[PDB]
Amino acid sequence: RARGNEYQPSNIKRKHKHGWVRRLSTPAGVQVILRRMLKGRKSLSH
Amino acid sequence: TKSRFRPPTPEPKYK
Amino acid sequence: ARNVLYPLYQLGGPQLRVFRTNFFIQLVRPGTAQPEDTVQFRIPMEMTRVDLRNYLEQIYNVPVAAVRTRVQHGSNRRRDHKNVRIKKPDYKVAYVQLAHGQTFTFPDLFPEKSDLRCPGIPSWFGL
Amino acid sequence: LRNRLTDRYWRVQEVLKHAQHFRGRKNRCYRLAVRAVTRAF
Amino acid sequence: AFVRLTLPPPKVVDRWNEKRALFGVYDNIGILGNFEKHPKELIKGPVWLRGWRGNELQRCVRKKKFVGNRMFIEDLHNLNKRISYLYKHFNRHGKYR
Amino acid sequence: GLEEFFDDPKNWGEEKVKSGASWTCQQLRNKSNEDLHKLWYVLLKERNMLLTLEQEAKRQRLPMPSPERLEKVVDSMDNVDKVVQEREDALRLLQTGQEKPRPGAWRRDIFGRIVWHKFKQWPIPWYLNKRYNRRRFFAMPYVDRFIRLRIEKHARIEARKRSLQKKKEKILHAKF
Amino acid sequence: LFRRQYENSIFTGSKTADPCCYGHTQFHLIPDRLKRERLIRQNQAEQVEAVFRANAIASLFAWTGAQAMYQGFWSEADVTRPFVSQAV
Amino acid sequence: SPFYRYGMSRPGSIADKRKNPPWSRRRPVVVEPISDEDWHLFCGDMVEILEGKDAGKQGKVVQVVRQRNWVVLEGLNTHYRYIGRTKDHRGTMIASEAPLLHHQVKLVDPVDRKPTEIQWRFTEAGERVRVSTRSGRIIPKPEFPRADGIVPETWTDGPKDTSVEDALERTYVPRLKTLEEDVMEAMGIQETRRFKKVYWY
Amino acid sequence: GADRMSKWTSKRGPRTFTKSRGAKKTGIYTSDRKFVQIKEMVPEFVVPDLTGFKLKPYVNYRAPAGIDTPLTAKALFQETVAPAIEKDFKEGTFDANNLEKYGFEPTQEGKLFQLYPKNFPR
RNA sequence: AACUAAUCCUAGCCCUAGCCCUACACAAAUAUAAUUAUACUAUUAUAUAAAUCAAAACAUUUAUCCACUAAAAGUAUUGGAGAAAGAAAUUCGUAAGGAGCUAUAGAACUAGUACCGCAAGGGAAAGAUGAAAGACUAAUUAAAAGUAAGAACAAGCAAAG
RNA sequence: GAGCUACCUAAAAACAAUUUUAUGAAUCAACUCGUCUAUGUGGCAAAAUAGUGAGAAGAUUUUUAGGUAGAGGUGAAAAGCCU
RNA sequence: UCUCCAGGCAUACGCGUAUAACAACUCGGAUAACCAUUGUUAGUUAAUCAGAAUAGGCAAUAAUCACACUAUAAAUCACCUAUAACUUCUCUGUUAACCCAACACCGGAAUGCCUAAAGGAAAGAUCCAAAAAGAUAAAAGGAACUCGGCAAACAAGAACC
Ligand SMILES: [Mg+2]
Ligand SMILES: [Mg+2]
Ligand SMILES: [Mg+2]
Ligand SMILES: [Mg+2]
Ligand SMILES: [Mg+2]
Ligand SMILES: [Mg+2]
Ligand SMILES: [Mg+2]
Ligand SMILES: [Mg+2]
Ligand SMILES: [Mg+2]
Ligand SMILES: [Mg+2]
Ligand SMILES: [Mg+2]
Ligand SMILES: [Mg+2]
Ligand SMILES: [Mg+2]
Ligand SMILES: [Mg+2]
Ligand SMILES: [Mg+2]
Ligand SMILES: [Mg+2]
Ligand SMILES: [Mg+2]
Ligand SMILES: [Mg+2]
Ligand SMILES: [Mg+2]
Ligand SMILES: [Mg+2]
Ligand SMILES: [Mg+2]
Ligand SMILES: [Mg+2]
Ligand SMILES: [Mg+2]
Ligand SMILES: [Mg+2]
Ligand SMILES: [Mg+2]
Ligand SMILES: [Mg+2]
Ligand SMILES: [Mg+2]
Ligand SMILES: [Mg+2]
Ligand SMILES: [Mg+2]
Ligand SMILES: [Mg+2]
């Protein structure tokens, strides 16, 4: 069919997957935050 | 094919 | 009061008194058409409709029969010279219906109340 | 950019000054004039 | 090409300032001073290349030896990669064998 | 009443309004707490009126008469806040000696930084509170590498600033 | 007073097939929030009797209005015989 | 901001917003830093023009932009411009003063009209005063109207203004009671309940 | 495609997602989804009587301001408690145990307005 | 006889030297779907670095990656004894500057921003008057390609004699 | 990285009329799918449009949240899918 | 006012001021008028709509108009026993032509009710060329076309491998 519309926005899905609490759950996720703080990013997560 | 673009900056010129 | 700590209340606690208040409010002319009794206020976002009733009745000695409030979303669409969105501050609008048949309308502030024949030759010269 | 050629203007002029009487882009473009001039010489 | 439409400012050098006037003094401190100090000891520069010269690969390794333990993580990482690139160049490439 | 929000009816429609000087911090100190409590509400009503008037000017797209009045009132209210807080702060030091009014402690987050933690009011002790035992005030070894990098990043930034100031002195001495 | 879109219903308390279609009297109970003492504290003393008037006008018109539709009268065809109902 | 040029218009006016837009990146001005103690030029002081169009003409300082080390003298170093120009009318020609750097002017001996250099020195009372390098003398600070334009002595008490005596009145009584405890006693509020224990953490 | 830079507020998200704008709570939610307001949790503004008040928002320019001296604990002690102790010391009627006689509070517990931790707002 | 344009100098940067640190930012909020004033379900890094690459393949192996300068010494040793690797004993030592960059350069940086990706993440571009703009924003230039001023006139690598 | 897609768990929703009967049966919409031809081809479209076709009470379609992750996952096996 | 077309009003998920008036006429709409664009000012008002105390004891008997009728795939807190508390209105959502597709994209998008009472406009002015695309009509013949009855048809029937 016609591709390009994979993104089907849902705030509950978004926040669970890439949210603050989700990132802090695992050390591998906390190290994602730690690098982002090093670079200077405006937003560390969703 | 590839894809990249540039912004139309507001460019206020009133000096 | 805003940006201050409210003591935690447990059964049998004293009444909470705020002697000096951080909430400052402004009365605005209605955008739409409102009933004569209804009065509009812009108030700090941390103020409750209950506080406004107490706020007006005690500080201003105004009888209030009902209060209704809403939270207004400020625009975040305008971009500056660096293409950074500017956010218009969100504010709280309060609708206050006066009591005892009292009537109020916003006052109207600010009652405010050559020589064609000789073209282009300097007229200073007498010659 | 410690060292850059500040006199490349005159190097192009040497080739171009021998191409003014030509017709077309060869009289004004160095990539095209230079080839035209060598045959002329 | 394009060239400046105005002359740049004149550059004036004072050749009798204190640094230029006394340049070179004490270069013979050793032979004329009973060899108390070698002239190499008068050089002001990086600790790892005062009185020493070598090619970049040698220079890279020498910088590591003196201040390898006092370097920043990113700088040390780049130095290690710079050494490994030079090693394969000087020891595996080049016209002559 | 509601009329207090608007200014004196006569003053409406005048380009400029005369205003006295604002209250200084030293003068407020001489006043007793009774006056400070009373004075605050007097200023509060003044602030509301000017906020009411200034906002109305935007609707009419006309310049506010005597805009300087609001700054004087706001500065006066801040001075009253300063005096009262200073009086209370001194009393706390005498009776207790604690520097700050609210309890807090120096603690480390999971991101390897020292953060001043402000305490909150709770109805149960900390060891029985299951929301407190989700917050973490310690760091695992994996934050060790990132801790050093912040030291170096700040060290780089500090070094550049010192060098930059040195150049600016050179330009000044060359100029003069 | 807000707006929603749900089913419009003209119901007299019973379907059209019911033999009993007219009305005699209605009994309404004012909710606790609207009782006399609560209104006084809220400072809306005048509304002590206004609450009664609002319910009487609203409910009786709905009941009588629904009755007319059962007899077949609607907006264009005005009611020939007035419809009367009571409420307490 | 790093890119902000101070001009002649008072900051925050329409002129200063027009000259310095947020995107301005004009070449910085290099100004010889001058210590607060070092500066000796103040509004109202008569000074003499060392060099320029009006060199040797004494004038009165009327403005000091210390950010640019500028001193502006009334009616001197003055060029011409049109004020109030409109589409209908040309306007009124006026002569506008231009800023002068400090080193281009000198202060004047109070008694005698000469450009006497001065040095900062204390007095018996301890107040800092400017003293002439030669013919040592005390040049008083020149009284000048305030920028806001309000005149204290002629100011007349009006509504919303406290009387001078009332402001001077002192009624604070030092006591180990907070404002939260003084008001209740004065206002007669009585409360006998006490807050329950709270576990701060 | 979600905007990461805008603040997360209750206007956004589904119906279920809600949060406050910072308004202080004034009641309790009991079982069966019933709200029960508590009068004590509702702040009460203590407003003084302004009759006969001689202070207005603005001050006269003529009035001269004084020297700023931030109040310090030592200064307050000298004014209030020192004179009592000094006179008592001459009379000899002073002891360490009765510092409360001059106004000392051993513990803030039992005070309506606790100095630390503060139990009263501005 | 000019349009498009071009000219420009300081914003900052780079490498050293010296130097551990004691820049941990009112008040309020945030680990809940972060930045939502109070109880519910409580909270905790990792077993040996691999491979590319070299040995003209590849399979043991392959400097750095992974403890003071100089000398002993590329020596003794180690190694499909091949490519290659490589000591020690023992001697010696008191240790603010620029033949750097100047807006396609120097950092990616005016900014980790805009923009792009669900996310990890990737990642820009540009500015230029004067002492004074409370002097109607200067200048400066047959100057790039591109046009115009001024379409063309049998025949041809467009020129040369 | 499973908001696309393969699969699964949980909580749910849609199915008119007609004939059979008592159903992975029939005619045929909504709805799901994508046999054929034509146009399009930097297109409306990085897979569409116009017709024509298949299923349409079921191994049915759809909605919401969650789970399975690359030495792997899923697979009515096309080495098909996993932005 | 006339001519003609036939998915429309709400809800959820989503989006985040694109809503509305005024003023501008640089930019955006692939052109104009007008604004969806720029700037300023406004806006969405709920006890009913929507969202967010403790310890025990014990449940054989679907749904389908649930009666009849059968079947098989076997199918949605309450009520008690005791303890504790005895009179409350705060907070948040509410606008729009809107979302996923770089786009004012002939595409994708769930539920409720209804099918015009709601919602809309295929043609900027011209002109009648070839070629190309689509629709309709056909003297006689009736697959003689073609790899093949592909496409089309006033046909849409029958049998076979
Ligand atoms: Mg995509
Ligand atoms: Mg989907
Ligand atoms: Mg090999
Ligand atoms: Mg091979
Ligand atoms: Mg650069
Ligand atoms: Mg760059
Ligand atoms: Mg040209
Ligand atoms: Mg010829
Ligand atoms: Mg899912
Ligand atoms: Mg499958
Ligand atoms: Mg059916
Ligand atoms: Mg399919
Ligand atoms: Mg079929
Ligand atoms: Mg079939
Ligand atoms: Mg079927
Ligand atoms: Mg197969
Ligand atoms: Mg992919
Ligand atoms: Mg609009
Ligand atoms: Mg208009
Ligand atoms: Mg378009
Ligand atoms: Mg607009
Ligand atoms: Mg509401
Ligand atoms: Mg409800
Ligand atoms: Mg709506
Ligand atoms: Mg049309
Ligand atoms: Mg046409
Ligand atoms: Mg036909
Ligand atoms: Mg025919
Ligand atoms: Mg055939
Ligand atoms: Mg066919």
# chains A, B, ... in the order shown; residues from 1 in each chain; ligands from 1
>>> select_by_dssp(residues="chain F", states="alpha helix (DSSP H)", output="ChimeraX atom specification")
/F:25-30,33-60,68-95,143-175
>>> residues_around(residues="residue H:62", least_positions_apart="4", cutoff="7 Å", atoms="only C-alpha atoms (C1' of nucleotides)", output="PyMOL selection string")
chain H and resi 43-44+72-74
>>> write_last_selection(atoms="C-alpha atoms", output="tab-separated table (two decimals), in the first residue's frame")
chain	number	residue	atom	x	y	z
H	43	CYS	CA	27.23	66.35	35.60
H	44	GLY	CA	27.29	70.12	36.07
H	72	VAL	CA	28.52	65.87	26.75
H	73	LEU	CA	28.85	69.65	27.04
H	74	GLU	CA	26.00	72.06	26.37
>>> closest_atom_pairs(of="chain K", to="ligand 11", cutoff="12 Å", atoms="only C-alpha atoms (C1' of nucleotides) and all ligand atoms", output="CSV")
residue,atom,partner,partner_atom_place_in_ligand_line,distance
K:14,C1',ligand 11,1 (Mg),11.2
K:15,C1',ligand 11,1 (Mg),5.7
K:16,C1',ligand 11,1 (Mg),6.4
K:17,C1',ligand 11,1 (Mg),8.0
K:18,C1',ligand 11,1 (Mg),9.9
K:28,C1',ligand 11,1 (Mg),10.8
K:29,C1',ligand 11,1 (Mg),10.6
K:30,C1',ligand 11,1 (Mg),10.9
K:56,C1',ligand 11,1 (Mg),9.2
K:57,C1',ligand 11,1 (Mg),7.4
K:58,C1',ligand 11,1 (Mg),12.0
>>> write_last_selection(atoms="C-alpha atoms (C1' of nucleotides)", output="PDB file, in the first residue's frame")
ATOM      1  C1'   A K  14     -19.278  -3.683  14.326  1.00  0.00           C
ATOM      2  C1'   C K  15     -22.375  -6.997  11.023  1.00  0.00           C
ATOM      3  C1'   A K  16     -28.712  -4.085   7.104  1.00  0.00           C
ATOM      4  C1'   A K  17     -32.194  -6.793   3.829  1.00  0.00           C
ATOM      5  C1'   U K  18     -33.205 -11.559   1.488  1.00  0.00           C
ATOM      6  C1'   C K  28     -25.445  -8.589  -1.787  1.00  0.00           C
ATOM      7  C1'   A K  29     -24.353  -3.367   0.922  1.00  0.00           C
ATOM      8  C1'   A K  30     -21.453  -1.193   5.220  1.00  0.00           C
ATOM      9  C1'   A K  56     -18.925 -10.268   4.056  1.00  0.00           C
ATOM     10  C1'   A K  57     -21.958 -14.728  11.681  1.00  0.00           C
ATOM     11  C1'   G K  58     -16.669 -16.009  10.665  1.00  0.00           C
TER      12        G K  58
END
>>> interface_residues(of="chain E", to="chain J", cutoff="8 Å", atoms="only C-alpha atoms (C1' of nucleotides)", output="tab-separated table (two decimals) with C-alpha atoms, in the first residue's frame")
chain	number	residue	atom	x	y	z
E	1	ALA	CA	39.16	36.46	-8.04
E	2	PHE	CA	38.56	39.48	-5.78
E	3	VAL	CA	41.05	41.82	-4.12
E	4	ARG	CA	40.81	44.44	-1.39
E	5	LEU	CA	39.43	47.82	-2.45
E	6	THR	CA	41.49	49.62	0.21
E	45	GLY	CA	58.15	25.01	25.95
E	46	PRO	CA	56.21	21.81	26.54
E	66	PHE	CA	55.51	12.70	30.24
E	80	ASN	CA	46.12	6.82	21.12
E	81	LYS	CA	44.36	6.79	17.75
E	83	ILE	CA	49.73	6.92	17.40
E	84	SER	CA	48.09	3.89	15.80
>>> residues_near_ligand(ligand="ligand 13", cutoff="10 Å", atoms="only C-alpha atoms (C1' of nucleotides) and all ligand atoms", output="number ranges by chain")
K: 26-28, 53-56
>>> residues_near_ligand(ligand="ligand 29", cutoff="9 Å", atoms="only C-alpha atoms (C1' of nucleotides) and all ligand atoms", output="JSON, numbers by chain")
{"L": [146, 147, 148, 149]}
>>> closest_residue(among="F:11, F:30, F:133, F:55", to="residue J:44", atoms="only C-alpha atoms (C1' of nucleotides)")
F:133
>>> residues_around(residues="stretch 49-51 of chain E", least_positions_apart="4", cutoff="8 Å", atoms="only C-alpha atoms (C1' of nucleotides)", output="tab-separated table (two decimals) with N, CA and C atoms, in the first residue's frame")
chain	number	residue	atom	x	y	z
E	40	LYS	N	70.38	24.09	26.40
E	40	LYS	CA	69.05	23.51	26.21
E	40	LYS	C	68.15	23.80	27.40
E	41	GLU	N	68.72	24.00	28.59
E	41	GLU	CA	67.93	24.27	29.78
E	41	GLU	C	67.24	25.63	29.75
E	43	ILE	N	65.39	26.73	27.17
E	43	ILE	CA	64.24	26.69	26.26
E	43	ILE	C	62.96	26.67	27.08
E	44	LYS	N	61.99	27.50	26.69
E	44	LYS	CA	60.66	27.51	27.28
E	44	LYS	C	59.69	26.83	26.33
E	45	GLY	N	59.08	25.74	26.77
E	45	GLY	CA	58.15	25.01	25.95
E	45	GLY	C	57.51	23.85	26.67
E	59	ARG	N	57.14	12.13	18.52
E	59	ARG	CA	56.56	13.21	19.31
E	59	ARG	C	55.28	12.76	20.01
E	62	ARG	N	56.23	10.55	22.94
E	62	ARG	CA	56.89	11.30	24.00
E	62	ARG	C	55.91	12.15	24.79
E	63	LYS	N	54.90	12.72	24.11
E	63	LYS	CA	53.87	13.46	24.84
E	63	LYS	C	53.14	12.54	25.80
>>> residues_near_ligand(ligand="ligand 10", cutoff="8 Å", atoms="only C-alpha atoms (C1' of nucleotides) and all ligand atoms", output="PyMOL selection string")
chain K and resi 6-7+75-76
>>> residues_near_ligand(ligand="ligand 20", cutoff="10 Å", atoms="only C-alpha atoms (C1' of nucleotides) and all ligand atoms", output="list in words")
residues 29, 30, 103, 104 and 105 of chain L
>>> residues_near_ligand(ligand="ligand 16", cutoff="9 Å", atoms="only C-alpha atoms (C1' of nucleotides) and all ligand atoms", output="ChimeraX atom specification")
/K:77-79
>>> residues_near_ligand(ligand="ligand 30", cutoff="9 Å", atoms="only C-alpha atoms (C1' of nucleotides) and all ligand atoms", output="list in words")
residues 36 and 37 of chain K; 149, 150, 151 and 152 of chain L
>>> write_last_selection(atoms="C-alpha atoms (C1' of nucleotides)", output="PDB file, in the first residue's frame")
ATOM      1  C1'   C K  36      -7.873  -8.359 -14.272  1.00  0.00           C
ATOM      2  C1'   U K  37      -7.473  -3.971 -17.777  1.00  0.00           C
TER       3        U K  37
ATOM      4  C1'   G L 149     -12.445 -12.965 -27.254  1.00  0.00           C
ATOM      5  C1'   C L 150      -7.398  -8.524 -24.084  1.00  0.00           C
ATOM      6  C1'   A L 151     -10.724  -4.569 -23.816  1.00  0.00           C
ATOM      7  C1'   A L 152     -15.735  -3.860 -25.059  1.00  0.00           C
TER       8        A L 152
END
>>> residues_near_ligand(ligand="ligand 12", cutoff="9 Å", atoms="only C-alpha atoms (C1' of nucleotides) and all ligand atoms", output="list in words")
residues 32, 33 and 34 of chain K
>>> write_last_selection(atoms="N, CA and C atoms (P, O5', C5', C4', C3', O3' and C1' of nucleotides)", output="PDB file, in the first residue's frame")
ATOM      1  P     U K  32     -12.525  -1.060   5.888  1.00  0.00           P
ATOM      2  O5'   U K  32     -12.080  -2.568   5.630  1.00  0.00           O
ATOM      3  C5'   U K  32     -11.378  -3.303   6.621  1.00  0.00           C
ATOM      4  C4'   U K  32     -11.208  -4.751   6.227  1.00  0.00           C
ATOM      5  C3'   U K  32     -10.246  -5.031   5.083  1.00  0.00           C
ATOM      6  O3'   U K  32      -8.890  -5.055   5.493  1.00  0.00           O
ATOM      7  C1'   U K  32     -12.250  -6.235   4.739  1.00  0.00           C
ATOM      8  P     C K  33      -7.743  -4.423   4.560  1.00  0.00           P
ATOM      9  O5'   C K  33      -7.719  -5.369   3.275  1.00  0.00           O
ATOM     10  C5'   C K  33      -7.154  -6.670   3.342  1.00  0.00           C
ATOM     11  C4'   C K  33      -7.688  -7.576   2.261  1.00  0.00           C
ATOM     12  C3'   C K  33      -7.031  -7.457   0.894  1.00  0.00           C
ATOM     13  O3'   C K  33      -5.822  -8.194   0.815  1.00  0.00           O
ATOM     14  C1'   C K  33      -9.400  -7.559   0.665  1.00  0.00           C
ATOM     15  P     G K  34      -4.506  -7.560   0.145  1.00  0.00           P
ATOM     16  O5'   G K  34      -4.743  -7.726  -1.420  1.00  0.00           O
ATOM     17  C5'   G K  34      -5.287  -8.923  -1.968  1.00  0.00           C
ATOM     18  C4'   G K  34      -5.797  -8.697  -3.369  1.00  0.00           C
ATOM     19  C3'   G K  34      -4.762  -8.138  -4.335  1.00  0.00           C
ATOM     20  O3'   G K  34      -5.047  -8.565  -5.668  1.00  0.00           O
ATOM     21  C1'   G K  34      -6.474  -6.532  -3.993  1.00  0.00           C
TER      22        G K  34
END
>>> select_by_dssp(residues="chain G", states="strand (DSSP E)", output="PDB file with N, CA and C atoms, in the first residue's frame")
ATOM      1  N   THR G  25     -50.489  15.991  38.945  1.00  0.00           N
ATOM      2  CA  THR G  25     -49.639  16.698  39.893  1.00  0.00           C
ATOM      3  C   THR G  25     -48.263  16.048  39.908  1.00  0.00           C
ATOM      4  N   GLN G  26     -47.248  16.861  40.192  1.00  0.00           N
ATOM      5  CA  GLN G  26     -45.868  16.409  40.299  1.00  0.00           C
ATOM      6  C   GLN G  26     -45.318  16.754  41.675  1.00  0.00           C
ATOM      7  N   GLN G  86     -50.149  20.527  37.462  1.00  0.00           N
ATOM      8  CA  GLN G  86     -49.752  21.108  38.735  1.00  0.00           C
ATOM      9  C   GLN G  86     -48.501  20.415  39.258  1.00  0.00           C
ATOM     10  N   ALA G  87     -47.807  21.097  40.167  1.00  0.00           N
ATOM     11  CA  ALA G  87     -46.609  20.546  40.780  1.00  0.00           C
ATOM     12  C   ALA G  87     -46.465  21.101  42.186  1.00  0.00           C
TER      13      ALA G  87
END
>>> residues_near_ligand(ligand="ligand 7", cutoff="12 Å", atoms="only C-alpha atoms (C1' of nucleotides) and all ligand atoms", output="PyMOL selection string")
(chain D and resi 25+28-29) or (chain J and resi 2-6+142-148)
>>> residues_near_ligand(ligand="ligand 3", cutoff="10 Å", atoms="only C-alpha atoms (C1' of nucleotides) and all ligand atoms", output="MDAnalysis selection string")
chainID J and resid 53:58 62 83
>>> write_last_selection(atoms="N, CA, C and O atoms (P, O5', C5', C4', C3', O3' and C1' of nucleotides)", output="PDB file, in the first residue's frame")
ATOM      1  P     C J  53      39.691  -6.816   7.900  1.00  0.00           P
ATOM      2  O5'   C J  53      41.140  -6.183   8.077  1.00  0.00           O
ATOM      3  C5'   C J  53      41.380  -4.810   7.808  1.00  0.00           C
ATOM      4  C4'   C J  53      42.566  -4.297   8.584  1.00  0.00           C
ATOM      5  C3'   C J  53      43.859  -5.083   8.434  1.00  0.00           C
ATOM      6  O3'   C J  53      44.575  -4.781   7.246  1.00  0.00           O
ATOM      7  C1'   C J  53      43.458  -4.701  10.717  1.00  0.00           C
ATOM      8  P     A J  54      45.210  -5.959   6.351  1.00  0.00           P
ATOM      9  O5'   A J  54      46.782  -5.720   6.441  1.00  0.00           O
ATOM     10  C5'   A J  54      47.355  -4.967   7.499  1.00  0.00           C
ATOM     11  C4'   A J  54      48.555  -5.653   8.100  1.00  0.00           C
ATOM     12  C3'   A J  54      48.999  -6.955   7.453  1.00  0.00           C
ATOM     13  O3'   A J  54      49.756  -6.758   6.270  1.00  0.00           O
ATOM     14  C1'   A J  54      48.971  -7.208   9.801  1.00  0.00           C
ATOM     15  P     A J  55      49.972  -7.966   5.232  1.00  0.00           P
ATOM     16  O5'   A J  55      50.568  -9.142   6.121  1.00  0.00           O
ATOM     17  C5'   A J  55      51.963  -9.397   6.158  1.00  0.00           C
ATOM     18  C4'   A J  55      52.273 -10.603   7.004  1.00  0.00           C
ATOM     19  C3'   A J  55      52.045 -11.955   6.347  1.00  0.00           C
ATOM     20  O3'   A J  55      53.141 -12.363   5.546  1.00  0.00           O
ATOM     21  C1'   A J  55      51.049 -11.937   8.495  1.00  0.00           C
ATOM     22  P     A J  56      53.010 -13.622   4.554  1.00  0.00           P
ATOM     23  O5'   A J  56      51.968 -13.136   3.453  1.00  0.00           O
ATOM     24  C5'   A J  56      52.249 -12.020   2.617  1.00  0.00           C
ATOM     25  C4'   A J  56      51.072 -11.082   2.540  1.00  0.00           C
ATOM     26  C3'   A J  56      49.744 -11.730   2.146  1.00  0.00           C
ATOM     27  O3'   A J  56      48.674 -11.132   2.878  1.00  0.00           O
ATOM     28  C1'   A J  56      50.262 -10.000   0.629  1.00  0.00           C
ATOM     29  P     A J  57      48.010 -11.907   4.117  1.00  0.00           P
ATOM     30  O5'   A J  57      47.045 -12.973   3.435  1.00  0.00           O
ATOM     31  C5'   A J  57      45.908 -12.566   2.688  1.00  0.00           C
ATOM     32  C4'   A J  57      44.921 -13.697   2.541  1.00  0.00           C
ATOM     33  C3'   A J  57      44.342 -14.241   3.839  1.00  0.00           C
ATOM     34  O3'   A J  57      43.253 -13.473   4.326  1.00  0.00           O
ATOM     35  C1'   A J  57      45.110 -16.035   2.520  1.00  0.00           C
ATOM     36  P     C J  58      43.229 -12.972   5.853  1.00  0.00           P
ATOM     37  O5'   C J  58      43.044 -14.310   6.696  1.00  0.00           O
ATOM     38  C5'   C J  58      41.938 -15.171   6.468  1.00  0.00           C
ATOM     39  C4'   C J  58      42.184 -16.549   7.030  1.00  0.00           C
ATOM     40  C3'   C J  58      42.641 -16.608   8.480  1.00  0.00           C
ATOM     41  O3'   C J  58      41.585 -16.503   9.415  1.00  0.00           O
ATOM     42  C1'   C J  58      44.081 -17.922   7.185  1.00  0.00           C
ATOM     43  P     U J  62      49.875 -11.416  20.252  1.00  0.00           P
ATOM     44  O5'   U J  62      50.006 -10.579  18.905  1.00  0.00           O
ATOM     45  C5'   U J  62      51.254 -10.047  18.485  1.00  0.00           C
ATOM     46  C4'   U J  62      51.074  -9.095  17.331  1.00  0.00           C
ATOM     47  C3'   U J  62      50.081  -7.967  17.558  1.00  0.00           C
ATOM     48  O3'   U J  62      50.641  -6.875  18.264  1.00  0.00           O
ATOM     49  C1'   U J  62      49.627  -9.000  15.487  1.00  0.00           C
ATOM     50  P     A J  83      60.234 -12.216   9.452  1.00  0.00           P
ATOM     51  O5'   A J  83      58.818 -11.533   9.702  1.00  0.00           O
ATOM     52  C5'   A J  83      58.315 -10.584   8.772  1.00  0.00           C
ATOM     53  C4'   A J  83      56.855 -10.289   8.997  1.00  0.00           C
ATOM     54  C3'   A J  83      56.549  -9.094   9.884  1.00  0.00           C
ATOM     55  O3'   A J  83      56.567  -7.881   9.148  1.00  0.00           O
ATOM     56  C1'   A J  83      55.220 -10.960  10.536  1.00  0.00           C
TER      57        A J  83
END
>>> residues_near_ligand(ligand="ligand 17", cutoff="10 Å", atoms="only C-alpha atoms (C1' of nucleotides) and all ligand atoms", output="list in words")
residues 4, 82 and 83 of chain K
>>> write_last_selection(atoms="C-alpha atoms (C1' of nucleotides)", output="PDB file, in the first residue's frame")
ATOM      1  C1'   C K   4       4.729   0.223  10.996  1.00  0.00           C
ATOM      2  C1'   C K  82      10.562  -6.707  12.699  1.00  0.00           C
ATOM      3  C1'   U K  83       9.296   2.063  11.466  1.00  0.00           C
TER       4        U K  83
END
